[PDB]
Protein chains: 2
Amino acid sequence: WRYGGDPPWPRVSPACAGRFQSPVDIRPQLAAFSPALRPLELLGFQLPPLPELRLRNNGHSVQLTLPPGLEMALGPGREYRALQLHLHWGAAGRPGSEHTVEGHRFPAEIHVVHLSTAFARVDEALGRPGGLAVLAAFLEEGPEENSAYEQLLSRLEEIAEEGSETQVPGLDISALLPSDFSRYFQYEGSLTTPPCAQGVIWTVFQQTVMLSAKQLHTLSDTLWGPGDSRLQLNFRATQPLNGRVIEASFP
Amino acid sequence: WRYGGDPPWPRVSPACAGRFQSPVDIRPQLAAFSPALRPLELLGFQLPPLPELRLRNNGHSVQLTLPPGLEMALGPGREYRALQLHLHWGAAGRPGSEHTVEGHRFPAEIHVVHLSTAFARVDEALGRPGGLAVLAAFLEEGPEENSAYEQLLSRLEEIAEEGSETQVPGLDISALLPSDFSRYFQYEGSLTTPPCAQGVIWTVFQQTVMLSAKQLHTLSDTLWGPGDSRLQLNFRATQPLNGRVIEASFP
Ligand SMILES: NS(=O)(=O)c1cc(-c2ccccc2)cc(-c2ccccc2)c1
Ligand SMILES: NS(=O)(=O)c1cc(-c2ccccc2)cc(-c2ccccc2)c1
Ligand SMILES: [Zn+2]
Ligand SMILES: [Zn+2]
């Protein structure tokens, strides 16, 4: 599989043809206020610098493999373990977030993928309701260099080639996310790459995180993918809600 | 195990001392309204008189085994298959519902236990979030004789003995349930018996079903359990929410 071209996503995995896929267009006016959605709780995201983490250009994204001990809770009794995070981005004057708001596509998006504590392995979780949970935040231009993002983006040159990887010091993973964990949209959907398995709980933050123009250019302009193509516009087309109701932690 | 004897419930299974158990006291004023909670969908519940169904006195309750084909959805793509129903009941003018509403205990409660379509086996679903779902309704005293319930209560004489079972004709299982499938409370808890597994979605109908005084006497006064003991007060004590918010399908 490779974005833009073919192989035919259903010909890879039949789940990429499901009715309840991600990403989606968030229309806040059609979102349902649910005061049961409490603030997200993160535990153990402030890493020491050793051991180092593996940052990889997998030719579809850049991903940071997270170590054991990062606990995330969607609520009381809704407990997850972080596995990894990766980015989606566009290109020179072209946004590349996966999710949209009222049709607005943002420059870029971070996904932090988690595994329900009820499951020891991803393959037991796939397609199971609540088995996987993803935290999604939009990346936008601000005036300052984001120092948490700088620790990853200053290493993209080392992993320009598809299939390249490098070691990076542990950092505050929570610092790649918005400070507001209270205000978010939540819906059920799928992985956004094969096998696009359903039952995924998506949490999209209202607050965005700020990168400098230079940071955003480094992300869009440094990596190569399948063949001699620039790794760019690495986002799936928006999928219809198909009668699903996005919830919001706020009216 | 027996209903709070010796038998130690945390001693049989220490899961009985988990943080997120059932049953709970429902406080409607404290329930979170989410317009995302759609009407319950129950298809295939109108069973023909044949094949006949196992009705059994397992010593702790009366259970009806349900055939394949009873399909239930809590939402879009949150689908379930009914396995069995059973009841909880009191004694001579003593209420025996498991759930309470603002401290009110109702005469009796019906549980219809379902298996997520994402799990082949009950034992894979136990302890996994949403693996099992139970539909719960309160049985109250009303002036009329209840036709759906008579089909089951009339056959209890035949299974007074612990371990005893009979066959009974197919009946409309959906006839045992209240009027409005759009009005319910919903939370995540546990089995109310050992092994007290967590990850159970409980859906508790707002409105009740009415049986005659005779019918509720038929139910409490006919069955025997462990020893020379009447099968009665087969309900667990109310458990704390520990931060869990009960949701409601109506404002
Ligand atoms: N976009 S996503 O959130 O649904 C997602 C993307 C990618 C992905 C990552 C890099 C490049 C290409 C795609 C990997 C996963 C994933 C699912 C389960 C376990 C681990 C990772 C999840
Ligand atoms: N009260 S309950 O809903 O939590 C409940 C669920 C199941 C149950 C049934 C099938 C599959 C899986 C779980 C069985 C019982 C039960 C009642 C009397 C004696 C023994 C067991 C009770
Ligand atoms: Zn992603
Ligand atoms: Zn029960």
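All positions are counted from 1 along the displayed chain.
Positions of Cβ are set from backbone N, Cα and C atoms, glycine also.
The annotation active site, proton donor/acceptor is assigned in Swiss-Prot to A:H60. According to Swiss-Prot, the feature Zn(2+) binding site maps to A:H86, A:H88, A:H111, an assignment based on experimental evidence. According to Swiss-Prot, the feature substrate binding site maps to A:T192, A:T193. Residues or ranges marked as disulfide bond by Swiss-Prot: A:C16-A:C196.
Locations of recorded Swiss-Prot features on the structure.
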| residue | record | Cβ within 10 Å |
| --- | --- | --- |
| A:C16 | disulfide bond | 22 |
| A:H60 | active site, proton donor/acceptor | 17 |
| A:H86 | Zn(2+) binding site | 20 |
| A:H88 | Zn(2+) binding site | 27 |
| A:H111 | Zn(2+) binding site | 22 |
| A:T192 | substrate binding site | 23 |
| A:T193 | substrate binding site | 18 |
| A:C196 | disulfide bond | 24 |
Near ligand 3, which of the recorded positions A:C16, A:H60, A:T193, A:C196 are found, taking a Cβ distance under 6 A to any of its atoms?
none
Is any of the recorded positions A:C16, A:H60, A:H86, A:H88 within 10 Å of A:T192 (substrate binding site) (Cα-Cα), and if so, which, in sequence order?
A:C16
Residue among recorded positions A:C16, A:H86, A:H88 with Cα closest to the Cα of A:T193 (substrate binding site):
A:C16
Candidate nearest A:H88 (Zn(2+) binding site) in space, where candidates are the recorded positions A:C16, A:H60, A:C196 and distance is Cα-Cα:
A:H60
Report the residues of the chain - excluding A:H86, A:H88, A:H111 - with C-beta within 8 Å of the mean position of the site's C-beta atoms, for the recorded Zn(2+) site, in sequence order.
A:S61, A:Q63, A:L85, A:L87, A:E98, A:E109, A:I110, A:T192
Between A:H86 (Zn(2+) binding site) and A:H60 (active site, proton donor/acceptor), how far is it from one CA atom to the other, in Å?
10
Helix, strand or coil at A:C16 (disulfide bond) [DSSP, three-state]:
helix
Mapped DSSP class for A:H86 (Zn(2+) binding site), helix or strand or coil:
strand
Determine, to the nearest whole angstrom, how far the Cα atom of A:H111 (Zn(2+) binding site) is from the Cα atom of A:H60 (active site, proton donor/acceptor).
13
Rounded to a whole number, how many Å is the Cα of A:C16 (disulfide bond) away from the Cα of A:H60 (active site, proton donor/acceptor)?
17
Between A:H60 (active site, proton donor/acceptor) and A:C196 (disulfide bond), how many Å separate their Cα atoms?
15
